[PDB]
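Enquirer: just the first chains of my complex for now:
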Amino acid sequence: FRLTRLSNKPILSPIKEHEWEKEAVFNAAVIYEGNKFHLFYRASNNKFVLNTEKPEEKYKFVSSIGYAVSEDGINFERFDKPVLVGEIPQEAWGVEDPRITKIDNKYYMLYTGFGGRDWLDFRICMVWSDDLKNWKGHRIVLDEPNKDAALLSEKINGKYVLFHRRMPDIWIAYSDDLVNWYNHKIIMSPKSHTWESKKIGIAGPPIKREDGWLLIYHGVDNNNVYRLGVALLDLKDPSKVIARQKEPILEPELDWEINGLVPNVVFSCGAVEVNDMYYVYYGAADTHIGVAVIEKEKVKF
Amino acid sequence: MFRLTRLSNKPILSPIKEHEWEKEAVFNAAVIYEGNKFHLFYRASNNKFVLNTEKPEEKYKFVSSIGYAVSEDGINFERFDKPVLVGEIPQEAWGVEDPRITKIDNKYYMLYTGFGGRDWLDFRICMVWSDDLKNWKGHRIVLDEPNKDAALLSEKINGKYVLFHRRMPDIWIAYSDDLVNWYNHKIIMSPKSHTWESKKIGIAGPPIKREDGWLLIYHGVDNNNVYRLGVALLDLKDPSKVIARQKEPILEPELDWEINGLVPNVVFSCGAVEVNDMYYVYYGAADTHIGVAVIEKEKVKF
Amino acid sequence: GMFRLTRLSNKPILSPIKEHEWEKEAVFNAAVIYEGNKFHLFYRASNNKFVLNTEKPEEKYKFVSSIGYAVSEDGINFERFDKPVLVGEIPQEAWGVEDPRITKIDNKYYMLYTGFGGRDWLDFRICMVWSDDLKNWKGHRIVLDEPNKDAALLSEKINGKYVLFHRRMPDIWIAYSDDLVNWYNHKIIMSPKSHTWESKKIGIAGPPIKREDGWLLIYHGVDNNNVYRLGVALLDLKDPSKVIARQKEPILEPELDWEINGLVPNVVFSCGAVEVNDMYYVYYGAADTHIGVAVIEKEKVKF
C-alpha cells in the first residue's frame, strides 16, 4: 500500500522575511491534542552545504523548531519566532528533526543537536513539556553520534522505549528513568541492493494499532534518496518487527520533492491518527513540508 | 590499452608577458570544433600560484581569465588582446577557471570554476551560455557549493540535462529539467587506492559521443598530487553507468614544461574534440602552457 | 554470477558456557583443521563483554581472550573441554590471544593469533605458536613487532619461502620468510573498495585453501559502518601475491539475530575453513559472541 498526498503543493514553505526559517522548513514533529494538529517543524536560516570535509563557518546553517497549529491539518498558522533554538554550544548549528511523544501527561521532544565542529558532532537531545509550550530540562539522551530518535508513547514492562539509529540500523533501548539506556538492540537493518540499502531510520514515533506498533521509517538508497517505508512492531514487544513492506509508501515524485535544497528527499518526523486516517507530515527536499494520508483499514501486510 | 600522442613537444599556446591577464599562465582550455575551426577558450592567469597559505592572501592574489583562440589546423592559433570572460566581484574576484564547453542543440554552454578568493573553499561551478561562441550571457551558479570539474553532456538523456561534477573526490553525475535545479545526484566513478588515480579524479572535457558509449576522459591525482589523464567509457543510453575504464593513464607529465612550471607535474584537459576521425586533446601543462595530443578514433578500444 | 555460503543451522553451533569464566560471554573467530577425519576447532573465547569505546583499555572493563578446543566428527556437533588450550602470557598478552588461524606446513601446525596486551588500543601484534600434535603448543614468537593482525601462514612454501598474510591497515598484505622469524618482501596484495561493503578495511579470513585454479582467499570486508561481512578472492597458484579473481558481492553477511545482535553487532568473521568431501566448511564468529558454520559446494566456487 501507498500514502496519498493531500496537496500536490507544499502545505508549508520557508518565509524569506523571517531569518530563522528563511531557506527551509521540513522534518516536522506533530501531535493531535486540542482537536487540532500541533506541528513542530525544522527551519533553516541557510542552504545546506554537505560536501566539505568538516562543517565550515562559511557555510554555517542553523536549524530551529517552529510551531504551526491547524484545525483541518492542511492550512496552518505560524508565528514570527521559533519555539526552540540551541542554547548550549552543542546545538551551535541548532536543533534538528524533532520527534514528539507524550508519555503519561508530559510531552517529550527528541531532536538532534548539531555543533558543527565536525560531521559527527551531533547528539540525540530531549526537552520536555506538560503543555507543548514551555520546553525545559535539556539533556543529551546518548553521549554518542546518533539521531533519528523517538520515544514510544507507552512504557513496556515499566521501561521507557527509545528508538535510535546507530549507523546504519534502527535500534531500540530501554530506560528506567529517561536518563540511562541499556539493552541496546538492532531492530531492523537496511536491505542491500534496494531503495533502502544505505541506511534506515525511524520516521515519526510508532503509532499504536490493534495488531502492533506502526513503524513508519525512511530508507536511503546508495544515491542518498530518502523514501518512506512501513513496518509493524509486535505490540507486546516493540523490539520485534512482525511485518515490513517491501516497497516504499512515499518517494520523491513531485517537483518540490525531487528538486530543492537537498534533492530527492521525503522525510517524516511525525504522524498522527485522525478520523480513521493517518496523517504523515514529510519534509520535501529538505525545503518544504508536505502531508500524505492512508485509510487505517488499507494498512495491511 | 592506449595513450595519446603529442602533436608537438613544445606548447602550442604560452603566456603573453605583454598582457597582464595571461602574463604567467595559459592552460586548462575548453575546446569546440565548429565550422572547420578549433575554438579554444583557455584559462589564463596574471600571476604565479601560491596556494600554501592558510587563506588566500592579497599579496599572493592571482586572477584567472578566459582567453579565446581560433585555429584551422589545431596547432597555430589566432589570439586576441583581451580576455573574453573575466570574474565578477565578489564571488569571482580571483577569476574564472577551467572552462568546459558543451553544445546542446544550437546553444553553447561554458561551465567553469568561479573563485572568489575569500577562502580556499570560495569557489563554485558557474555557467554562461551563448548561441554564437561570441556573446556570453546568463551567468548562474550551477551548484551553490564548493565544487568544480564540471561539464554538461552534449545531449539530454530521458528529457534531462546531464551534469558531471566533482564533489570530493569522485566524479558525480546529476540531472536537470531546466539547467538551473539539479537532482538525481549519483556517484559514477571513484579513485582507486594505490594507483596514479588514488587521491582524486575529475572529468576532463565533456564526454565525446561514440557508437559504443560516451568517451569520458578524466584526470587522476596520485598521492603526490601529480595530475594525469585517463579514459573511461560511459554507457551510451545511461551515461551514469561506466562500462569500461582503462587502468593506465593516457597522458602524463613527461616534457619539461609539463613537469616543471607554476604547478609541477600536471597535465590537465578541459577539452577534446573529434576531427577527421581523430580525437584532439588539448591540455594545460604545469598550469602554465597548453599542449595538444591526439589519438586516432580507431585506436580507442577497451 | 556470484556464489554465497549457506548456513548449516539457523542457530549457533558453539555458544558461551557460563560455568567457564574463560568463555562465559563469547566464543567466536575460530581456526579449524580437518585431520584424522575430525574437525578440530580452536575458538576464541572471552571472559567478558567488550567495551571498546574508551580512550584506553580500562581495567574496569578488561576482557581476556583465550583459545579453546572443540572436536567434532560431523563438523556441526562438537565436544568441548573444561580449560582453554591457549591463554595469554603476562604482560605482553595480558588481555589474551585473539582470532587464531591455523596452518599445517609439513607435519607441523602453526597457530597465528593476535596477542593483546591491553596497555593501549595498539598494544597488539601478530604472534605464533606451533605444535606437531595440535596439543602441545610451543615456540611463541612475535611474527611482526608492530600493531598488526589478520595473519595466516600459507599451507606451503613458495620458492622455498614461507608465506605470511598480514594486515597493515587497511589492506591485505603478504610477506616471505626463510626461517619463520624474519619477514621480507612485504607487498600489498588486495585493497578495500570505496563505496562498497568492503570499503573501510579488509583482512584475510582463514588461511587460503589450495585449489587447482589458484588459492581460495576468503576474507572479511568492513564497511563504513563497521559491519563485517565475508568475501572471496582467488590468488594465483604459483604467485599468491597476485589476485586473479575477486567476487564483488559478499559470500556471507550478518543476517540472523545472533549474527546482527551480540557483543559486537553486525559481525560475521571466519578464522578458519576446511574442505571435506568437495565442500568448504566455513566456521565463523557471529557478533563476536557465538560460532556458526556455513558451507559451499566447491563446484559452485566460480569467478
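Expert: Done, it's in. Numbers count the residues shown, from 1 in each chain, chains lettered A, B, ... in the order given.

Enquirer: what's around residue A:81, how many residues?
Expert: Using other C-beta atoms under 10 Å in any protein chain shown, residue A:81 has 11 neighbouring residues. (C-beta placed from N, C-alpha, C; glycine too.)

Enquirer: three-state assignment of the closest residue to it other than its chain neighbours?
Expert: The shortest distance from residue A:81 to any non-neighbouring residue, by C-beta to C-beta, 6 or more residues apart in numbering or on different chains, is to residue A:20 (7.2 Å). The three-state label given to residue A:20 by DSSP: H, G, I helix; E, B strand; the rest coil is helix.

Enquirer: for residue A:20, give me its contacts.
Expert: When contacts are counted by C-beta atoms under 8 Å, 6 or more residues apart in numbering or on different chains, residue A:20 touches A:43, A:45, A:62, A:64, A:66, A:81, A:82, A:85.

Enquirer: gap between it and residue A:262?
Expert: Separation of residue A:20 from residue A:262 (C-beta to C-beta, to the nearest Å) stands at 19 Å.

Enquirer: how about the contacts made by the closest residue to residue A:260 other than its chain neighbours?
Expert: Of all residues not flanking residue A:260 in the chain, residue A:285 sits nearest, at 2.4 Å (C-beta to C-beta, 6+ apart). Residues in contact with residue A:285 (C-beta under 8 Å, 6+ apart) are A:26, A:252, A:256, A:257, A:258, A:259, A:260, A:261, A:262, A:263, A:264, A:265.

Enquirer: which residue sits closest to the first one, ignoring its sequence neighbours?
Expert: Put plainly, it is residue A:26. Nearest non-adjacent residue to residue A:26, counting by C-beta to C-beta, 6+ apart: residue A:283, 2.7 Å away.

Enquirer: now the one you found, which residues is it bridged with?
Expert: residue A:267, residue A:289 (DSSP bridges).

Enquirer: add chain D to the structure above, sequence below:
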Amino acid sequence: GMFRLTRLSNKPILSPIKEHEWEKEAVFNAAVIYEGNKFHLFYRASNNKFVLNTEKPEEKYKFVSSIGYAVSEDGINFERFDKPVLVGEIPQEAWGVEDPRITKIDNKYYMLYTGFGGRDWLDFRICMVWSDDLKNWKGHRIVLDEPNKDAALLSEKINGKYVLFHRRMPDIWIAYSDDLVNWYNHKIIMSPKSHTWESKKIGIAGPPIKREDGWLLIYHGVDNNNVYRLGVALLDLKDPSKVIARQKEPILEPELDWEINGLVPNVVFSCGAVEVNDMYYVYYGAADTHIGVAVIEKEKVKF
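Expert: Let me add chain D to what's already shown:
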C-alpha cells in the same frame, strides 16, 4: 652497458651496539668524507625498531635518530665512539636527525640531514649544520620550511650560486642560493619511472661526485613495494640541473640477508660516497639496520 657496484665484504662494516642506547638497533644511512687519508663516516643510528604502519607517529613506538662518528684508514675497519656527535633538539627534531649528507665547500663542511619531530608523519624538514673541521658543528638551520628530505649540497658554486638537491615528493629537485639560507629557482631535476624498480619515488644518495664528464649522481629509487635500490645518473658538469645520462638498471640492490632482512626489509640506501685511488667507495645502509660498503673502479663508470 649497465654497470654496478661490487660489495667489499659479505659482512657489514658497521653494526648496532646494543649497550649504547643511541645506536642500540640500527646504524645506517651514513655520510662520508675522505680527508687526511681517512674515511670520515657520519652514520645515522636508531635506539629503536621502526614501527612505520600507524596512521600517526605514536610516542609508544618512538625511535630517535642520532648521528655517530666513525673513522677508518682502510675504508673497511672503522673506529667508533661512545656517544653521538649530533642529536635532535627537542622538540623540532624530537625523533632525531636522519640521513646526513656531507659536502665540503671551500674548506668548510656542510652536513645536511633530515630533522624529524614525530608530531605527524610530515613533521620532517631539511636541516643543515657546518664545521671547519668535521668535529665542531654549528650553524644549524632549517634549509627549507617544508616536508622535505634526501638533501645534499653541491661541492662548489655554479655561477656563483650554492646548489641544493632536495626531494619534494616524488622527484629530485634542485635549488640555488647566494647565502645558504634562502633558496630559489626550484625545479624538478629527475622523476621516478612508473612500472620500474624506481616507480614510487626517487631521492639523491650521496652528494654528487665531480668527474671530468659531469657530476656522478648516485640516487635511490623505490618500487611499488618500497624496495630501496641505488641507481646512478650523470649531471652536466656546468649545469648540474641537466641530466645527461641515467642508467636504466640499479647499481646496488638488496641481495645479502642483512640487506634483505632487518628493521626495514629490502633496503640499500647510501648518503655518502667518496673517490679514493681512482675507485668510488659507496657506503650504504642495509635494511636500515647495518652499514655496508660497495666499490666500483672509476674507469668502469660509463653510460
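
Enquirer: just give the number of residues close to whichever residue of the stretch 201-301 of chain A sits closest to chain C.
Expert: Nearest residue of the stretch 201-301 of chain A to chain C, counting by C-beta to the nearest C-beta: residue A:222, 7.3 Å away. Residue A:222 has 17 neighbouring residues, counting by other C-beta under 10 Å.

Enquirer: looking at it, it is touching residue A:199, isn't it?
Expert: No: applying C-beta atoms under 8 Å, one finds residue A:222 not in contact with residue A:199, separated by 9.6 Å.

Enquirer: ok, residue A:28 - contacts?
Expert: Residue A:28 sits in contact with A:12, A:39, A:40, A:41, A:42, A:68, A:98, A:269, A:270, A:281, A:283, A:289, where contact means C-beta under 8 Å, 6+ apart.

Enquirer: not counting sequence-adjacent ones, nearest residue to it?
Expert: residue A:41 (3.8 Å).

Enquirer: list the contacts for the one you found?
Expert: Remark: with contacts taken as C-beta under 8 Å, 6+ apart, residue A:41 is in contact with A:12, A:21, A:25-29, A:65-68, A:283, A:289.

Enquirer: again, only this time at 7 Å
Expert: Residues counted as contacts of residue A:41 (C-beta atoms under 7 Å, 6 or more residues apart in numbering or on different chains) are A:12, A:25, A:26, A:28, A:66, A:68, A:289.

Enquirer: same question for residue A:93.
Expert: Each residue near residue A:93 by C-beta under 7 Å, 6+ apart is listed here: A:55, A:60, A:61, A:62, A:63, A:114, A:115, A:116.

Enquirer: can you check residue A:248 too?
Expert: Residues in contact with residue A:248 (C-beta under 7 Å, 6+ apart) are A:195, A:219, A:227, A:228, A:229.
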